[PDB]
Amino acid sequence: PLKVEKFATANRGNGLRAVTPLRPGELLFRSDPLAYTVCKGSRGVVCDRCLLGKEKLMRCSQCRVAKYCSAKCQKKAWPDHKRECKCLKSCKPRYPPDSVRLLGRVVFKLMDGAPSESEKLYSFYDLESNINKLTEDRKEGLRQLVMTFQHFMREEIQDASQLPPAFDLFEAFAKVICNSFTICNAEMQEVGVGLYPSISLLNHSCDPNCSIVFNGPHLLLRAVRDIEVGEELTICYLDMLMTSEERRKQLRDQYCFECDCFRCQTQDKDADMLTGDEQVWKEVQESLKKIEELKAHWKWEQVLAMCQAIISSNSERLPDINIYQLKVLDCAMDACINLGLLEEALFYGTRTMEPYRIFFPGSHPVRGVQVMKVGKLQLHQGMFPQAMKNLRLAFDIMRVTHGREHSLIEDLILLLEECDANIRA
């Protein structure tokens, strides 16, 4: 019996609404992807199948592009990799855009696969394309994606007889632009991209009542507020560390809508997010383009060097509530964790705690994981009472955002039992 249902909204197309009263932490839906792939920067760093990092991955001998953590993952991936393998090989050393590899997997799944549980509420065929709102600039970009797909797939797809009935590649890429989910690993790093068509019913809010979290490619949808029967379910499509101007640009450019929510009407939190000298934070925002690019490619030493040049600048510094400063602190913390600089990681991580409390209100999985990382860093350095406080807070958040069905909650229940025994001792 589903707790959610598809409905026609007044002015935001189709949506999902509650069938039954929902409480914070309630599991509403869970889905494997219709199709997914690893992202450009994580290719050959994480397993193509399970999206877990491993120092040495095994490569597909045929294409040498797909890489796996294990014989189990390589073998289990083969049916969904078989047809793209011929195309990735044939187009060596060209690697396609992530959207093109993703749509390849969509087409092979729809042609060769049994009906997907991912499409239970809503199918790829049903997805919003926003074709009547696309700008001429966007349409030109979509025409290039169509020709890129035609080139990439030529070994496996020669004509429309090898696409689903009346499948339109332009319309398919338009659907991918506004229905793609970025898959994060347990540590909330972007590692993949997938389509989850049932989950695609959820409309956006800058202050949502639901949250999604990934456990490998598996998506969990949870309530993070009380929700009444018939109330629309919403998620935030966007990173929380964004001003209303930045959200406006992304919701226009990617999603073709104007956000009417209270936060956008009032520029909620924009002033605090932009505190400090504007010349300095403009420079840090500019530097973050490179820092985030390096992070996406797991280049931790280069990330840390660029972040230290800002955090410990000889020139003017920013407050930690400035969102560009905060993103630099978080990138520096993760670089330090990966480089085993755990003292320096904890310095940066603790500085993010109050800004995260402000910018991730209520129960947000990004805050839950940040607090768990700081708790773990404290536990490693023998700060047992402070570690226990942070691991308990992480559990309070993550019982709502992750739940018992997420493997990270099992790992946190272990850190809590350990920290508790130390305190008992």
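Between two forms, the rigid core is defined as the largest C-alpha subset superposing within 1.5 Å. All residue numbers refer to positions in the sequence shown, first residue = 1.
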* Stretch with greater C-alpha deviation in 5 other deposited structures of this protein, 143-151 versus 307-315 (rigid core superposition) -> 307-315
* To do: Please indicate which stretch deviates more in 5 other deposited structures of this protein: 377-385 or 61-69, judged by C-alpha RMS distance after a core superposition?
  => 377-385
* Compare the mean C-alpha B-factor of 112-120 with that of 160-168 as given in the PDB entry, and name the stretch with the higher value. => 160-168
* Asked: As stated in the PDB record, which stretch has the larger average Cα B-factor, 93-101 or 140-148?
  -> 93-101
* To do: Specify which of 75, 351, 133, 81 carries the largest Cα B factor in the deposited PDB entry.
  => 75
* Structure fact -> Looking only at 31, 381, 370, 37, the Cα with the top B-factor belongs to 381
* Would you mind checking where the Cα B-factor of residue 15 ranks among the modelled residues of its chain, as the lowest, middle or highest third? => lowest
* Which third of the chain holds residue 394 when residues are ordered by C-alpha B factor: lowest, middle or highest? -> middle
* So where's residue 56 on the chain's Cα temperature factor ranking, which third? -> highest
* **Third of the chain, ranked by Cα B-factor, where residue 335 sits** => middle
* Could you tell me which third, lowest, middle or highest, the C-alpha B-factor of residue 402 occupies within its chain? => lowest
